[PDB]
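A quick write-up on the structure given underneath.
Just so it is clear: chains get the letters A, B, ... in the order the sequence lines come, proteins before strands, and each one is counted from 1. Just so you know, these numbers use all the heavy atoms, side chains as well, and skip hydrogens, waters and symmetry mates.
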Amino acid sequence: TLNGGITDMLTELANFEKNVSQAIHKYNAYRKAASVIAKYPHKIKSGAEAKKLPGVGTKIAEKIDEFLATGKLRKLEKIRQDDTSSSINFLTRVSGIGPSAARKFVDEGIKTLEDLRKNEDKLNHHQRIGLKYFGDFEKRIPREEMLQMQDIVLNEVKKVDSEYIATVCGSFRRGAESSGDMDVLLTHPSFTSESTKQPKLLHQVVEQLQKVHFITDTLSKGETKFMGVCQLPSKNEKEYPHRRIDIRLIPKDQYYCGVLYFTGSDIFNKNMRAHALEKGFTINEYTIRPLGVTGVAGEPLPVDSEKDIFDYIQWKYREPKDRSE
DNA sequence: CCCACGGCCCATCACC
DNA sequence: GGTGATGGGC
DNA sequence: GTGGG
Ligand SMILES: Nc1ccn([C@H]2C[C@H](O)[C@@H](COP(=O)(O)NP(=O)(O)OP(=O)(O)O)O2)c(=O)n1
Ligand SMILES: [Mn+2]
Ligand SMILES: [Mn+2]
Ligand code: NA
Ligand code: NA
């Protein structure tokens with residue numbers, strides 16, 4: 001909340017570049033600037049002060065100057081008033097509609113929730129589910145409900161096979177009081193980086209959760225990755241909101257790089273890979289690998305904790321609750 | 001000045 | 001029909 | 001939009 005007025009401006013500018021301009025690198029630029037400003041311990045009094053930070057350059061500093069002088073930014077006013085940009089920005093709030101589809105709809109004169117209902121025939125399955133649960137999907141999930149969800153997922157997973165390990169990651173694991181969705185990491189001793197020892201590994205768990213009517217809809221489903229919709233049961237009382245759930249099956253011998261990754265935050269992961277590279281390592285969601293002189297990655301290093309990955313790249317260990325960058 | 005900007009799974013659509 | 005191309009998501 | 005090169 002120290003520099004919240006600035007980070008809101010930068011976030012809104014970022015979304016505009018992603019959704020409307022389709023400039024993904026500008027989007028990331030703004031997001032980067034917002035994050036670096038966000039973990040800055042003094043409250044910014046001028047743009048030149050902010051320009052000291054990496055990620056904040058000339059253009060953003062100007063915008064910070066204009067904002068601190070007037071409490072708003074003209075560029076954002078023009079954007080909000082512009083009706084095509086407005087329409088396109090809104091449609092992307094529907095799951096399954098990205099910058100491309102949103103722009104295509106608006107060009108056809110389709111630019112509201114009602115217009116989407118009226119033209120439902122033009123939506124794919126994903127976009128239809130997103131439209132259906134539009135309100136629910138923009139609701140935060142209180143941590144109290146996450147724990148109820150966690151209990152159910154962990155248990156039904158046990159009911160299929162007790163050797164399964166299901167770990168809730170994401171913002172939940174970072175100890176957030178509310179989450180946008182539920183992220184589940186799944187492993188089994190059969191599945192390592194050396195085979196396909198079980199087929200239907202992810203299917204069994206998905207199917208079991210559908211059977212107890214916890215999972216209600218499927219957005220996508222393959223052999224290692226499920227993207228879908230879930231809902232808590234009601235005791236008798238108003239229904240719980242339908243929630244987004246992601247399930248990711250990962251080789252058991254790569255569990256810790258997996259849980260590090262799926263815990264996030266997404267920007268923290270960009271920071272960690274960025275530092276890891278300066279220290280002669282390449283990290284992804286699966287492994288950490290050393291680099292030779294030529295910039296050629298060796299074979300995966302041994303990992304048996306999250307702290308192990310931190311030690312290689314010589315970072316002091318940070319609790320998941322301190323990765324919300 | 002100029003360019004690189006963590007990446008891969010899954011669904012669908014254009015094209016043959 | 002099978003594909004390669006692309007979008008959307010994490 | 002930014003910073004390293
Ligand atoms: N581009 C991306 C997208 C996601 N991720 C990782 C880090 C995230 O913590 C994890 C899950 O993403 P997520 O569910 O969209 N957001 P996250 O759980 O961190 O916070 P919420 O908005 O869900 O409450 O995937 C990433 O590293 N790079
Ligand atoms: Mn999440
Ligand atoms: Mn998620
Ligand atoms: Na700077
Ligand atoms: Na969307």
For A/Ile6, does its backbone N or O pair with a side-chain atom of A/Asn3 as donor and acceptor, under 3.5 Å?
-> no
Could you write out each protein N or O paired with an N or O of nucleotides 7-9 of chain B at a distance under 3.5 Å?
unit_1	atom_1	unit_2	atom_2	d
B/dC9	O4'	A/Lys225	NZ	3.2

Any A/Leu249 side-chain heavy atom under 4.5 Å of A/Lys225 side chain | no
Going by atom types alone, do A/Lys279 and A/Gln314 pair a side-chain donor with an acceptor below 3.5 Å?
-> yes
Residue-level proximity of residues 43-72 of chain A to DNA chain D when a heavy atom falls under 4.0 Å = A/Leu53, A/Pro54, A/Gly55, A/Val56, A/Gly57, A/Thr58, A/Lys59, A/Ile60
Show your working on ring-ring contact (aromatic ring centres under 6.0 Å, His included) between A/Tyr261 and A/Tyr255 and close with a plain yes or no.
-> CA-CA 10 Å; A/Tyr261 174 79; A/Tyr255 171 74; over 10 Å; no
What integer distance in Å separates A/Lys104:NZ from B/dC13:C1'?
-> 10 Å
Protein-nucleotide distance (A/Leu277, atom CG; B/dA4, atom P), rounded to Å | 15 Å
With a 4.0 Å cut-off, would you call A/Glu163 and A/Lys158 a salt bridge?
-> no
Nearest-Å distance for atom pair CD/P, residues A/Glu278 and B/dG6 | 14 Å
Using the test salt bridge (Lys or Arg N to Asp or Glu O under 4.0 Å), find all partners of A/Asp246 that sit at least two apart in sequence or belong to another chain.
-> A/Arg244
Considering only NZ, NE, NH1 and NH2 on the basic side and carboxylate oxygens on the acidic side, decide whether A/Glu177 and A/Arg140 come within less than 4.0 Å.
-> no
Mind checking which stems touch DNA chain B? I mean at least 3 consecutive Watson-Crick or G-U pairs, both distances under 3.5 Å.
-> B:1-5 with D:1-5, B:7-13 with C:4-10
Integer-rounded Å distance: B/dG6 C1' and A/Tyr27 OH | 13 Å
Counting any heavy atom closer than 4.0 Å, what does A/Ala23 reach on the DNA or RNA strands: base, sugar-phosphate only, or nothing?
-> nothing
When rounded to the nearest Å, what value does the distance between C1' atoms of C/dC10 and B/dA4 take?
-> 23 Å
Would you check if A/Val205 and A/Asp161 make a side-chain contact, meaning some heavy-atom pair closer than 4.5 Å?
-> no
Which is the 5'-most and which the 3'-most nucleotide of DNA chain D that has an atom under 4.0 Å from a heavy atom of chain A?
-> D/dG1 to D/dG3
NA contact type, A/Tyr30, heavy-atom cut-off 4.0 Å: base, sugar-phosphate, or nothing?
-> sugar-phosphate
Whole Å only: how far is the CG atom of A/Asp246 from the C1' atom of B/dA11?
-> 15 Å
Distance-only, no hydrogens or angles: does the A/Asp308 side chain make a donor-acceptor pair with backbone N or O of A/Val303 under 3.5 Å?
-> no
Please indicate the pucker of B/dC16, north or south, going by the torsion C1'-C2'-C3'-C4'.
-> south
Looking only at atom P, what distance separates B/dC5 and C/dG9, rounded to whole Å?
-> 24 Å
Taking the side chain from A/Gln208 and the backbone from A/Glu156, do they hold a donor-acceptor pair closer than 3.5 Å?
-> no
In whole angstroms, how far is the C1' atom of B/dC13 from the CD atom of A/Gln127?
-> 12 Å
Looking for any heavy atom pair under 4.0 Å, which part of the strands does A/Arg31 touch: base, sugar-phosphate only, or nothing?
-> nothing
Send over the distance from A/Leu219 CG to B/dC10 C1', rounded to a whole Å.
-> 11 Å
Check A/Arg173 against A/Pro320 and note the closest heavy-atom contact, atom names and distance.
-> O-CB, 3.3 Å
Identify the 5'-most and 3'-most nucleotides of DNA chain C with at least one atom closer than 4.0 Å to a non-hydrogen atom of chain A.
-> C/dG7 to C/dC10
Heavy-atom donor-acceptor pair, A/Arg103 side chain to A/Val20 backbone, under 3.5 Å | yes
Between the main-chain N or O of A/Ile283 and the side-chain N or O of A/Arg289, is there a donor-acceptor pair closer than 3.5 Å?
-> no
B/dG7 versus D/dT2 - spacing of their P atoms, nearest Å | 23 Å
How close do A/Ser193 and A/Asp253 get, heavy atom to heavy atom, and via which atoms?
-> OG-OD2, 2.6 Å
Taking the six-membered ring where the residue is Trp, are the ring centres of A/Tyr27 and A/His25 under 6.0 Å apart?
-> no
Would a distance-only check, ignoring hydrogens and angles, find a side-chain to backbone donor-acceptor pair under 3.5 Å from A/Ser265 to A/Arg323?
-> yes
Contact class for A/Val94 vs. all strands (heavy atom < 4.0 Å): base, sugar-phosphate, or nothing?
-> sugar-phosphate
Look at all strands and tell whether A/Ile97 reaches a base, only sugar-phosphate, or nothing, counting heavy atoms closer than 4.0 Å.
-> sugar-phosphate
Which part of the nucleic acid, if any, lies within reach of A/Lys221 when heavy atoms closer than 4.0 Å are counted: base, sugar-phosphate only, or nothing?
-> sugar-phosphate
Going by heavy atoms in the side chains, are A/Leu123 and A/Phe105 under 4.5 Å from each other?
-> yes
